[PDB]
């Protein structure tokens, strides 16, 4: 995906301020709460009975951290997302058979979490730049279906 320099600047500047220990878990937790069918893929995580249970679940925070790392990795290779996400594409598509619509949903939940954390700093143009990024990541993760 192609970001303008202004967009690259906006994205990289905000990402530097991201709490990398927490934001990933918050996005994954919210995915499980807002789109409950996704819980089908995480039965080994234990207590997902309430929103409070989900957000406080140690396995959700831990796994969310790995997700966020992958997004960070993507932000470093915006010009080669397909190669960056090849192994993860095989995992989510060939092994897990996650419908790719859910890649888009997680991306949009991440965008909501970034808005929540950054407030007025998450301007409409900054959002537009992040939408290009999460669309690119979702498309790359879905490549094994293509």
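Numbering follows the first chain given and starts at 1.
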On mean Cα temperature factor in this entry, is 12 to 20 or 131 to 139 the higher one? 12 to 20
Stretch exceeding the other in mean C-alpha B-factor - 55 to 63, 22 to 30: 55 to 63
Max C-alpha B-factor within the set 97, 82, 40, 104 falls on 82
Divide the modelled residues of the chain into thirds by Cα B-factor and specify which third, lowest, middle or highest, holds residue 117. lowest
Please rank the C-alpha B-factors of the chain's modelled residues and tell me whether residue 48 sits in the lowest, middle or highest third. highest
The third of the chain into which the C-alpha temperature factor of residue 78 falls is the highest
